[PDB]
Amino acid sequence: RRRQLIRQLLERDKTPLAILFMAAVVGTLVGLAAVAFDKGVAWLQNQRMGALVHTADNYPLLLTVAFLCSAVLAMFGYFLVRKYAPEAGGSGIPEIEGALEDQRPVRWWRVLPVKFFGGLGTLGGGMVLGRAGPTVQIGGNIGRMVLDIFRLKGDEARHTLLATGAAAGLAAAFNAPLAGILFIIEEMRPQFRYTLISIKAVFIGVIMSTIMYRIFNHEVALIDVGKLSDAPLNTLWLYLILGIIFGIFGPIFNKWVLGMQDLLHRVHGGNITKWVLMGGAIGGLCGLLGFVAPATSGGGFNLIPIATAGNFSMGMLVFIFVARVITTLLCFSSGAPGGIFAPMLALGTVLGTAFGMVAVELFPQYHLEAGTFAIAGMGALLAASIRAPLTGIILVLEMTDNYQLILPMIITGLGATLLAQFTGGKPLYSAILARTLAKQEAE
């Protein structure tokens, strides 16, 4: 096989020009799509606030239109999914991961409108879910749809345009081009066998998608955290410890998200009406919590900078964490359309901050800032639950821009995946695809 190689080596990186051009269009569409999804979710969350001001004096009335506004929008999303596209429940990352294995179908005529409007409801209602998976799935299907429409043939083309769709999808979700590309090559792609996914092509898709996002979202960042202090070498060991803490918690949280899926399934048994009704209840609880304790509901992105800047009491941190584990499991294990990836950012940030707090008072000799531990911990649940640490590290780097924390960030991340492995946890997206692949065969 020496002679195959010499041939192969000299034929390396020659992606079919058609696949390259089509990547640019998948990128561009996924971009606009993602922008639209974001402005959408924003607007509805905003009307819901304008409605609370309409009734800003009658507290029990305002506690109700806060519930109902989100309850209704929740249901409309649960409904759109149970009725027209069931694969558009949950993240959408397990699903597109499935697709890349050729083990799940890409019914883009159904999921594009279902995910987009269904997500617009759950997210726009202020549920604890991310544009995370949603735009990843949306993007993959966009990729499928141009593959169909232009009738491009070949495995490479199917796998590539599916991959650049998902990567451009995560890029536009976070303004994170590198994190997008990396997610595909670390996690999204078929893990156990070779594939023909052009990286150069994924790159071109990611560029266009990120440029679209920039046309519409320039001048503002999803997280601004400022420039924090450096991390002394003698301070590193504290990050390995935080890594271990995430590493044992990671798997535990994975159990709860899987188990809660089960327990919530009993509430409806499979029935579109019990389900949708259960959805509006969860959704309603969220829109209510969004008024009476906003840090326990919604995306979580708002409280990330507040946590990092150390502006939360230790109590508030403990509160926000427990309350958010609770409402994250309720929202995601329920099957509503929308991911768990992004609410794990807020979860990690909070847990990390808390550790920085204790680290600071235990060692004034180190001149610590709890905010460096928030930043190490931001991608740490991503590392211990999803087991994509390289993506979490690079994502957080793209979002927070504190490169001088790369060593603590890597160390905590590795520490998370290592203790997540060693204590018996599994990659959550892999464990969800598997549950769903083994259910397809179970019946």
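Sequential numbering from 1, following the sequence displayed.
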field: Stretch with the higher entry mean CA B-factor, where the candidates are 165-173 and 323-331
entry: 323-331
194-202 versus 216-224 - greater average Cα B-factor per the deposited record: 216-224
task: Kindly indicate the residue among 414, 65, 393, 399 with the greatest C-alpha B-factor in the PDB record.
output: 65
query: For the listed 370, 120, 342, 288, which has the peak Cα B-factor recorded in the PDB entry?
result: 288
query: Among the chain's modelled residues, which third holds the C-alpha B-factor of residue 385?
result: middle
- prompt: With respect to C-alpha B-factor, does residue 95 fall in the lowest, middle or highest third of the chain as deposited?
  reply: middle
query: residue 403: which third of its chain by C-alpha temperature factor?
result: lowest
- prompt: Can you tell me which third, lowest, middle or highest, the CA B-factor of residue 154 falls into for its chain?
  reply: highest
- prompt: Can you tell me which third, lowest, middle or highest, the CA B-factor of residue 271 falls into for its chain?
  reply: highest
